[PDB]
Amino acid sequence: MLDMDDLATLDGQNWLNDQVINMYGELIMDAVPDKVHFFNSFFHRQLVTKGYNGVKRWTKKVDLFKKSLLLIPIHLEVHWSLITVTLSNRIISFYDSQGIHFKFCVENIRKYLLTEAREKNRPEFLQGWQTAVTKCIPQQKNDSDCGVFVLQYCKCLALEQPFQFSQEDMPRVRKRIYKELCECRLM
């Protein structure tokens, strides 16, 4: 569970913080543990500054290449976005609710996956990785809901649902996430 000032970033139009993001990710991964690995929000920061050696032990007990979907929340300057990795077709996708185009991070992830494939002896994953800024996705219409869009993309992809939501739903998606975090279970 979370403290009440962490949950409080879900209220009204507050900016979500890392406790909401990372606890919801943990919720998703506990709902479908065989298909999804969720990296917490600090993974990409630590990958950028220290490289593979900084995050090598993060997968000491996880075989990423038996998962279907990796979810990597990206904390950029005051902003939440999302990388997903689908292992079946080897696509690294970058999802952003505000139209951001941050090219550095798909290549940080592609380099990580290649190094992890050489180090875990899964050379069938050394070739074939393609990128994609995901087309087609509900966009925010304010300056506060980054984080909520990220978590709704996460929940949709993990449960394999279409992106049937828009900005008008976000107050209610904030209160659903709140409730799911308090009950430690997805709906």
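So that there is no doubt, residue numbering starts at 1 and follows the sequence shown.
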Decide which of the stretches 2 to 10 and 176 to 184 has the higher mean C-alpha B-factor, going by the entry. 2 to 10
So, looking at the entry's B-factor column for Cα atoms, which has the higher mean, 107 to 115 or 94 to 102? 94 to 102
Using the temperature factors in the entry, find which of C146, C154, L47, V62 has the highest value at its Cα atom. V62
In this PDB entry, which of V55, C136, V150, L69 has the top CA B-factor? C136
Please say which third, lowest, middle or highest, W129 falls into when its CA temperature factor is compared across its chain. middle
Grab the CA temperature factor for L87 from the record and place it in the lowest, middle or highest third of its chain. middle
Grab the CA temperature factor for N121 from the record and place it in the lowest, middle or highest third of its chain. highest
Grab the CA temperature factor for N40 from the record and place it in the lowest, middle or highest third of its chain. lowest
Ranked against its chain, the third holding the CA B-factor of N142: lowest
